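Chains as they are written, first to last, in full-length UniProt numbering: chain A, 64 to 120; chain B, 65 to 120; chain C, 65 to 120; chain D, 65 to 120; chain E, 62 to 120; chain F, 65 to 120; chain G, 66 to 120; chain H, 62 to 120; chain I, 63 to 120; chain J, 65 to 120.
Cβ coordinates follow ideal geometry from the N, Cα and C atoms, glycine included.
Some notes on the structure that comes next.
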């Protein structure tokens with residue numbers, strides 16, 4: 064569906080990030096230079112940006 | 065030729081923000097050799113898309 | 065569908081500032097292999113939280 | 065000598081934003097050796113294009 | 062209702078002071094060999110201490 | 065001698081934007097050894113040239 | 066408990082004068098590292114000079 | 062090589078122009094194998110050319 | 063420790079030393095197989111230019 | 065205990081802009097060993113010097 068997020072919906076997604084509920088996909092080494100995809104928790108720097116945006120709203 | 069309109073810009077930003085998009089990056093396959101693969105758009109990029117959608 | 069209220073933003077920033085949070089990172093385990101682990105949030109990120117708390 | 069006009073700039077940013085453009089990068093093929101290859105334009109760059117498109 | 066902790070203005074300054082006075086550490090990954098790492102704590106860096114000092118100067 | 069004037073600036077940015085230019089980069093040839101080679105101008109740099117062309 | 070303006074300037078001065086150190090990781094071979102102290106960098110000392118000049 | 066020369070306005074723009082037109086190079090370190098490096102010259106990068114162009118447009 | 067505060071004039075004298083190429087900074091230098099030693103190197107151009115920028119504004 | 069005069073700032077900036085200055089860097093000589101060497105000041109730094117001279 065063609066969807067445009069409205070203001071409250073932006074804040075709901077930002078809230079999930081801030082609360083530590085989201086992950087992101089990165090490459091992880093598995094030996095000798097080979098890598099696999101994996102998910103990690105979203106980093107503090109990103110959570111803080113989400114909080115900073117929430118606090119401005 | 066296509067110029068994306070203001071609403072079209074917000075729709076693409078939304079796809080990104082909602083985690084529906086990928087980007088192509090290089091992944092190690094061993095001994096320095098790499099291959100092209102797709103990964104999810106990173107949180108930092110999603111947060112940028114959210115930030116712009118909040119300014120809409 | 066939660067939206068963090070003003071107080072709740074500051075409470076979260078406080079947890080970070082006070083050194084109570086961690087972040088998940090990749091740590092080398094030899095010859096290119098890595099494992100996920102948690103490390104304390106960095107001083108740079110804590111100081112940003114402190115700066116935000118000082119403005120509030 | 066050509067100068068890209070207003071509408072032309074937006075046409076080019078649109079191709080980028082839509083995921084239709086590539087860039088040439090260096091990819092490993094083993095033991096330090098690299099080859100030139102094309103990859104999709106990254107999400108960060110698409111986001112910049114979408115931002116510029118949204119502000120015109 | 063349980064009122065969770067929000068750091069107060071004086072307390073932000075007290076934490077920044079600890080940092081600026083060189084009394085704080087952060088956890089980093091340190092190399093131990095062959096691509097392997099271990100966790101250790103290091104003194105907060107001069108760059109971070111200067112950011113703290115700057116914020117203290119303005120407060 | 066030559067000072068580029070405003071239109072000449074826009075002509076050069078136009079070449080960059082249209083993907084007609086290259087830059088010289090160091091490419092790996094094995095075991096740390098490198099060679100000077102040329103690759104297309106990157107999307108980030110093309111987008112900067114587009115941004116500048118749109119502001120004119 | 067809280068550094069006041071003058072103590073801030075004293076601390077920035079120490080840094081600007083090249084009297085301060087910071088802890089960093091130094092290689093000791095084969096990927097291993099040890100913690101050591103190094104003089105605070107020129108970039109940092111210049112930031113401190115900049116803040117001192119605006120005092 | 063006069064050590065006390067000061068560039069005039071038009072000489073600044075002449076120098077930026079040489080950069081923009083791809084006439085200049087910079088000295089960088091290039092790998093020659095097993096960690097050994099040599100000094101070499103490369104063309105000025107597109108990023109630096111674009112900054113020179115931007116400056117010329119701001120004149 | 064022996065406390066001191068730099069005055070406006072001392073700020074400029076120390077920037078001038080940097081800008082004139084008279085100062086050094088400590089860095090780590092490789093000595094082989096990943097091992098490093100401390101060494102002193104001249105202050106970099108980028109840092110001398112920032113000093114010159116500040117001196118120019120004063 | 066010199067303080068650079070305004071003209072002396074510009075003279076120094078001019079040396080850099082004209083390609084006459086060098087900076088000291090570390091250069092690999094093999095197996096991880098490095099040596100101090102001098103290289104020309106980079107284009108990015110020459111361009112900054114140019115920008116500052118242009119504002120004078």
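Identify the contact partners of residue i in chain F, using a Cβ-Cβ distance below 9 angstroms as the criterion.
i: residue 84 of chain D; result: Correct list: empty, because the minimum Cβ distance to chain F is about 12 angstroms.
Show which residues of chain J have a CB atom less than 7 angstroms away from the CB atom of residue i.
i: residue 115 of chain I; result: 116
Below 8 angstroms on the Cβ atoms is my contact criterion, and I expect residue i with residue j to pass it. Report the Cβ-Cβ distance as a whole number of Å.
i: residue 113 of chain C; j: residue 111 of chain A; result: 6 angstroms
i: residue 98 of chain J; j: residue 104 of chain I; result: That belief does not hold up - the Cβ atoms of residue 98 of chain J and residue 104 of chain I are roughly 15 angstroms apart, past 8 angstroms.
i: residue 83 of chain A; j: residue 73 of chain C; result: Rounded, the Cβ-Cβ distance is 14 angstroms, inconsistent with contact.
i: residue 94 of chain C; j: residue 96 of chain E; result: 5 angstroms
i: residue 100 of chain D; j: residue 109 of chain B; result: With a Cβ gap of about 25 angstroms, residue 100 of chain D and residue 109 of chain B do not count as contacting.
i: residue 116 of chain J; j: residue 64 of chain I; result: At roughly 37 angstroms, the Cβ-Cβ gap does not stay under 8 angstroms, so residue 116 of chain J and residue 64 of chain I are not in contact.
Interface residues of chain E around residue i at Cβ under 9 angstroms?
i: residue 80 of chain G; result: 107, 110, 111, 114
Give the residues of chain B in contact with residue i, contact being defined as C-beta atoms less than 7 angstroms apart.
i: residue 74 of chain D; result: 67
Give me the residue from the options with the minimum Cα distance to residue i.
i: residue 69 of chain F; options: H:71, H:106, H:95; result: H:71
i: residue 67 of chain F; options: H:75, H:64, H:107; result: H:75
i: residue 90 of chain G; options: E:85, E:106, E:78; result: E:106
i: residue 102 of chain C; options: C:85, C:116, C:78; result: C:85
So which residues of chain G does residue i contact, with C-beta pairs closer than 8 angstroms?
i: residue 71 of chain E; result: 67
Is residue i near the ligand SAH - that is, is its Cβ less than 7 angstroms away from at least one heavy atom of it?
i: residue 107 of chain H; result: For the ligand SAH, the structure offers nothing, since it holds no ligand at all.
| query | Going along the chain, which residues of the region 92 to 104 of chain E sit with their C-beta nearer than 9 angstroms to a C-beta in chain C? | reply | Those residues of the region 92 to 104 of chain E that come within reach of chain C (Cβ to Cβ, closer than 9 angstroms) are 92, 93, 94, 95, 96, 97, 98, 99, 100, 102.
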